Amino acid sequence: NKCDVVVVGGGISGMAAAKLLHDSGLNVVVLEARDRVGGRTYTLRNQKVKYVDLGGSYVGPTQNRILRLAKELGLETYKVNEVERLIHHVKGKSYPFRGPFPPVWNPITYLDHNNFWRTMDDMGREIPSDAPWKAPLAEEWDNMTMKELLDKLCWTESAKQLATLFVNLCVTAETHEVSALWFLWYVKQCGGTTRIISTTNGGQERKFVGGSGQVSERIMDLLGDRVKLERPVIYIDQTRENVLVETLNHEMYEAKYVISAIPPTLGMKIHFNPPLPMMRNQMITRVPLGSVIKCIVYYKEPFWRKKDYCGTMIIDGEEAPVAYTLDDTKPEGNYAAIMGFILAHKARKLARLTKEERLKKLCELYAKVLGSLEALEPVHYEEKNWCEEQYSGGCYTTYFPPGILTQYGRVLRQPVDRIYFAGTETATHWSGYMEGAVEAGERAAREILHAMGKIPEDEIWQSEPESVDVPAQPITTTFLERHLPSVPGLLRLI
């Protein structure tokens, strides 16, 4: 029954909020729909894999909140393998390379590629992290899909192909499905293109030893009986003095404040009394999550390393089921594995096949890309289709279709009476990531602390000290990168 705060959702965001409030002296309850915590993170353990992240996994520099929370819980990171060469596979052929960006030799194509990445960041600089709808050209950019933007910007098919893959991989959605404004905000709020795409010195630098699921599990250990599993919330009543929260099994919870720490659209699963304000009522029908299958193929050995390949493959083309891979071998060098993503429309298309059929296609692809018959001999396979999850709705995160961010965006974290809003979608830095989940949960918790008169308004938004374990190198450009003309710019010079 009674407590100070009910938190709806036991993912990283809900757990972080609950930890903060509990450490501040309040009585908190976490209501979780599944028989487990973690949400969009899930670590599977069995003898064949030891442990594997089937959901959220990667952390890197500038993600200081998730790193500090994990460190406090007694967790360690290790570096994703990027010692050897990356592979760009394009039109049925593999081109090994070094550095974050796949290189280009044709001069016209070079200019086009250079201008695309640069323009993404140029446009991002006009978009406020905490208020993307306040961009000077917000409406113009929001009334346009990323497909339209790419059609105008890319003068070569080569740049357009890579840009499309870039969009598919970042947000598990097609270019024609997403707002240009929203996608430009999304990249900007992760620190730009270099930071978002990079393993070394970027978002995919590291994973947690033992899996990311330990973050939520260990916070549950700290909270003891305060976490209630298999308690899907169905009903929130705010008509009386105290907020009443009902779960599917008929249990009642009474609190002064609620934190909603679920994906925005999953708010639809709750019946509200009184009805939600009009803008939120419509917003939560307008914000889907992307489509992805995460697949891990295991091998006797990390054989790609012998050929001077790190395990990273960037794979172009409709025929390829997987567009991107990383080495998923344990830091000890055992349980050799390749992690790959099946993205967007391919996730919908290939879901019809059996587990075995998907494994076959992946192995045959990897054999082609790595130029190795050894890829045809998997020892084990694990996979997760996130599209099928009732209490996630997809992965990695929520995308905004054209028109929505300007019309409904300011409503996302606006409190509804005594309901405050967490969840990675409401963060201002690395929204969509585990880092954003921590930012949003702790911020929502502090909003309630302020409403209780426990802290000054000053302290709702708090900066984070840089991790000593994962220091950030700054993102640099060269003189030529900054000043080389676009394709149309070169044509004007002619």
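Residue numbers here begin at 1 and follow the sequence given.
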Name the higher of the two by mean Cα B-factor in the PDB entry, 236 to 244 versus 273 to 281. 236 to 244
Mean B factor on CA atoms, stretches 99 to 107 and 374 to 382, record says higher is 99 to 107
Check the PDB entry and point out which of 311, 290, 92, 340 has the largest C-alpha temperature factor. 92
Out of 297, 173, 404, 350, which one has a C-alpha B factor higher than all the others in the entry? 350
Which third of the chain does residue 469 land in by C-alpha B-factor: lowest, middle or highest? highest
Quick one: classify residue 28 as lowest, middle or highest third of the chain based on its Cα B-factor. highest
Using the temperature factors of the C-alpha atoms in this entry, rank residue 321 within its chain: lowest, middle or highest third. middle
For residue 36, return the chain-relative third of its C-alpha B-factor as stated in the PDB record: lowest, middle or highest. middle
Taking the values exactly as deposited, rank residue 301 by C-alpha B-factor within its chain and report the matching third: lowest, middle or highest. middle
